[PDB]
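Shown next as structure tokens: one chain only, the form deposited in one PDB entry.
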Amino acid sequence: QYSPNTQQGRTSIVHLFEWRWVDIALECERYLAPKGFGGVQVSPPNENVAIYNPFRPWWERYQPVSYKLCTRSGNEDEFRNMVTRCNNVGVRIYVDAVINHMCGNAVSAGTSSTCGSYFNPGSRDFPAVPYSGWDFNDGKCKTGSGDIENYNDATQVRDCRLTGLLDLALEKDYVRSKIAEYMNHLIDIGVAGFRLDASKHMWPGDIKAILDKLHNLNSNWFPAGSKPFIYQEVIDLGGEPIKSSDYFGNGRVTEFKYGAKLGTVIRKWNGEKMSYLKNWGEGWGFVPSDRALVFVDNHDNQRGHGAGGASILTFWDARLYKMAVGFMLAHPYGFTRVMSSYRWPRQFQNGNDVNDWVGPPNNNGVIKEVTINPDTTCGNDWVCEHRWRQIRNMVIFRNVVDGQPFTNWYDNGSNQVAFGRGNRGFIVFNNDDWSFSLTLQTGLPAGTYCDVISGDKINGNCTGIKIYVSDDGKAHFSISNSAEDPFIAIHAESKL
């Protein structure tokens, strides 16, 4: 469950947050495949609560009503159509599995759901699954409110309602089977793995039991015996009884400390600086690289809805964001996930963003399609960070240097650092307030390379800056602290 099951040469997955199935299908064919992306993390494909207060917020998708693959992103067929089409072009589909709970216990009963299924949070009836009061942790939870109250009590964190969400009795074979039933359907459709949402709120043992029920990937597309990829959503920043290591027996875990400390460093907060990144990875209290699913930001914290808090960088900080991602995408630690967002009317008051609830672009609740601008950017308010040259090109960089060790590290003792990945790649950063002009050992083969950040290698030429590597691997670099993109990236496949 540790292997992403991407096909050799693909090393990242993009979170096409709130994208419809038809749009993702097209993206696999038109961009993801030819650009070498490994897979797509999709929003919960199961029926959820239709919330109108606020209007169609993005979080209404983490409030399940049934397991019908029928949401704002599309019905079951469109999902199949997507999974097939993406697989046929070597691009995987990872499902955001919301299996810890159903909806808010206070949500009105009725048919206010994405597929119309009737449900009753009050009487705990989700006849579409079906689930009854026998399937929830009401009796098991020992808190006075019934919800999670104190994170220092590892039991209540798992047995009580996460902010009011009805907690499924995951120790019951019946519930385990209804979830596995949901996940295997998806597996047999061709999905390559899952994001186990709210894993901290699930017992490592209960998750295990649910995985023992899981099939092996669809043998039409995957090697026989392919276990689905599993990355548990667990927010562990230390100082809490629950550790992410407790979930290593079930697969990978999101390393939330990653984007938190990376944003702290890049933002140069509390005295932190890039030169500290030399021992990036485990040396920072992060989980083992082979157990880490890393990312700069995620749909939650890019809104202040998650771990990392204030230091987290997002597309809103576009300049430092490309730099943050550039480093993540060049560093060998973990399996990388690129965020792909949409613009929302963000507006701060007294420090918080009051529009963080705003769902994806839409017309009367109907998610707007992703339009592709002539310059490959997206319209309809989709940010499409994965289409930004500096990101998309660093996505390719990771594939090209895949396997190569981390070496030839350089730092000025401040914020201009550089390192290489074997003899296949080299990247330089300058986050200081002054120009960086120095000849560095790149460990690369002599020749002329295209800087993939400022430009691209096209027709046997570079559209942007060019680096010249000498017979001794040496190469001169020059980045102005006021440069549009304060970092240069060259690799084997950008060589003229």
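Only residues modelled in both forms are compared. Take the two forms, find the largest set of C-alpha atoms that superpose within 1.5 Å, and that set is the rigid core. In this text, residue numbers run from 1 along the sequence as written.
Quick note: we don't show the form deposited with a partner chain bound, though the next part is all about it.
Student: Where does its partner chain sit in the entry with it bound: which of 22-30, 430-438, 448-456, 61-69, heavy atoms within 4.5 Å?
Tutor: Contact criterion met by 61-69 only.
Student: Taking the shortest heavy atom distance, is residue 101 within 4.5 Å of its partner chain in the entry with it bound?
Tutor: It does: once its partner chain is placed as it appears in the entry with it bound, residue 101 has a heavy atom within 4.5 Å of it.
Student: Indicate whether residue 109 is a 4.5 Å heavy atom neighbour of its partner chain in the entry with it bound.
Tutor: Judged by the heavy-atom cut-off of 4.5 Å, residue 109 is well away from its partner chain in the entry with it bound.
Student: Heavy atoms within 4.5 Å of its partner chain in the entry with it bound: does residue 303 have any?
Tutor: Yes - in the entry with it bound, heavy atoms of residue 303 and its partner chain come within 4.5 Å of each other.
Student: Can you tell me if residue 354 lies within 4.5 angstroms of its partner chain in the entry with it bound, counting non-hydrogen atoms only?
Tutor: Yes - in the entry with it bound, heavy atoms of residue 354 and its partner chain come within 4.5 Å of each other.
Student: Would you mind picking the one in 373, 163, 123, 363 that has a heavy atom within 4.5 Å of its partner chain in the entry with it bound?
Tutor: Selected residue: 163.
Student: Could you tell me which one of 197, 246, 159, 206 places a heavy atom within 4.5 Å of its partner chain in the entry with it bound?
Tutor: Flagged contact: 197.
Student: With the core fixed, which bits of the chain, 3+ residues long, show every Cα moving 2 Å or more between the shown form and the other one?
Tutor: Moving stretch: 304-306 alone.
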